[PDB]
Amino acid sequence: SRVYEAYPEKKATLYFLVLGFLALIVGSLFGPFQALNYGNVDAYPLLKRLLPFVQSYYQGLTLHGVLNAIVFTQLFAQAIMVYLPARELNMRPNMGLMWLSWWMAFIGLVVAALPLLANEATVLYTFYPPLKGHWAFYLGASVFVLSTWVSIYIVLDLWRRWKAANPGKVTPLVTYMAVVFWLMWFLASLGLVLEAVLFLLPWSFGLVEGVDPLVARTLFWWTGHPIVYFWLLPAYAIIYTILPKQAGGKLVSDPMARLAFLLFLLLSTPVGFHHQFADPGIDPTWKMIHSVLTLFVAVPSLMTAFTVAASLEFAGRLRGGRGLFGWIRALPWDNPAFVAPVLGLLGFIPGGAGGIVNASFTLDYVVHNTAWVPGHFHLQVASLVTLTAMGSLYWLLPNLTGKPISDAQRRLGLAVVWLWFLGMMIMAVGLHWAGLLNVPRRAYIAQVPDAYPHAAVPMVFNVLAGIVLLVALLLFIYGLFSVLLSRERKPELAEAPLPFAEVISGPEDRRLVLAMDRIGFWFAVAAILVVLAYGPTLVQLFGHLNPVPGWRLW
């Protein structure tokens, strides 16, 4: 193809997309089985015939979390937030590095993968010491994540090469989003990196005998909160810059979009104690400090709510809908690339509301480590983020490949996203409810069937969801493979422009953009809040290391 000669990043992006979606399929096969479990039905005897390398409930759960929440989310962040800025600026990435990042990700995935399958790191996706997994997991994970460091450099190089060619011009909207998104992730990743190199890796190598588990969780949840803004922002990018045009309208405000992203840069990392509310030996004052800052990081989301809703109401009126609710009808509910992210935003309503409960310090004692939590994050990452990702298949697959999407294909995709959305809301009800009834997470409850008899109703919902979501998963594998196993190609598809939206602009726009565009100033601010937030506690805990021996209990 002469298409890939002109535009090589198309082929690199696609490599990212597929590995992610592969991961996602394998990841989500464990899903309905975990829902059945949460409904008191043990389906594991079954799954083990079918998949005989699975030895425990807790192995599956580990593969589920790692494969869905870490691999798919990162490979998607990688595809979207490199490709879109490349195409906004009509400029080419350094191709050498682009491939290198891919190879780093593939190699790490496969090294990590091997102990996971052989049952030598049944430690879950949080891998909390002193549960001691195979050294290969630690080394796997490490190279996988660090692949993003290359990604970061690629986009800053783009930016830089555009700014040198355009002195005195403001950063275009998409490349703006990606710039602060990559600089934020750089700050946010240093916890786990630091956890990996001074603790996990040396200890799994047997070069030191123990790890201090309080320092580990601390550095861990350094990265651990803002890894979820890293999942979310690519979806948000699409929803601000692409979803408008697909609905029929325009994004209502460039300034307000930018301010969203900039507040994430500032507030996404300095917040982790919200994961450590019930941890001993961390100061109550520092817990409150983190809780208040956790409420601020919700403000960009509250803000995104108004900007996007006003956008859809716009498009809708321009499409003939009148009155308080007629605008909603006028929107294009035939088009999967539209419906998906939108039903996603809908479930994010209850999911963001649970997010704020969990945030609120003392309130956390009600819900912490109960079913409430997985109920909360499925609405957030398993539906908004994933629904958006599947959605983009419907414009991104034919723009990287040249393969058309049929009418039929389109109709199946609509079914798929509907059922996924509905399955997720159904499971939310179940898990929210089981949790208020003290039902724990990370538990093979199906194996202690008389232990939670007061939760038999909420359990009915989780059996239902597990079925609805099995069918949705099956029609997705078949769907996606009918496109990716299609012979027919239209090279004029690969040659169109990405469906970016037009922006409504206003006199205030200029003076505002220029502020936000002082990027170095804003990054130094965010680094400052990190040192201040974590700094006095780490010096405490480092001053007082109590490392303990590792255990293998599976």
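Note that the rigid core is defined as the largest set of C-alphas that superpose within 1.5 Å between two forms. Heads up: residue numbers just count along the shown sequence, starting at 1.
Enquirer: When the other structures are laid on this one by the rigid core, do the CA atoms of 479-487 or of 121-129 sit farther away in 4 other deposited structures of this protein?
Expert: After superposing on the rigid core, the more displaced stretch in 4 other deposited structures of this protein is 479-487.
Enquirer: May I ask which stretch, 320-328 or 231-239, sits farther from the shown form in 4 other deposited structures of this protein once every structure is superposed on the core, judging by RMS CA distance?
Expert: Output: 320-328, the stretch lying farther off on average in 4 other deposited structures of this protein.
Enquirer: Regarding 57-65 and 484-492, which shows the higher C-alpha temperature factor on average in the entry?
Expert: Result: 484-492.
Enquirer: So 328-336 or 432-440, which one's hotter by mean CA B-factor in the entry?
Expert: Comparing averages over the C-alpha atoms only gives 328-336.
Enquirer: In the PDB entry, which of 465, 95, 232, 288 has its C-alpha at the highest B-factor?
Expert: That would be 95, according to the entry.
Enquirer: Could you check 354, 374, 167, 423 and tell me which one carries the biggest Cα B-factor in the deposited entry?
Expert: Going by the entry's C-alpha B-factors, 167 comes out highest.
Enquirer: With respect to C-alpha B-factor, does residue 36 fall in the lowest, middle or highest third of the chain as deposited?
Expert: Its C-alpha B-factor, which the entry lists for residue 36, ranks in the lowest third among residues of this chain.
Enquirer: Split the chain's modelled residues into thirds by Cα B-factor; is residue 394 in the lowest, middle or highest one?
Expert: It belongs to the highest third of the chain when residues are ordered by C-alpha B-factor.
Enquirer: Residue 250's Cα B-factor: lowest, middle or highest third of the chain?
Expert: Its C-alpha B-factor belongs to the middle third of this chain's values.
Enquirer: Using only modelled residues of the chain, where does the Cα B factor of residue 554 rank: lowest third, middle third or highest third?
Expert: According to the entry, residue 554 has a C-alpha B-factor in the chain's middle third.
Enquirer: For residue 450, does the deposited CA B-factor place it in the lowest, middle or highest third of the chain?
Expert: Top third by C-alpha B-factor.
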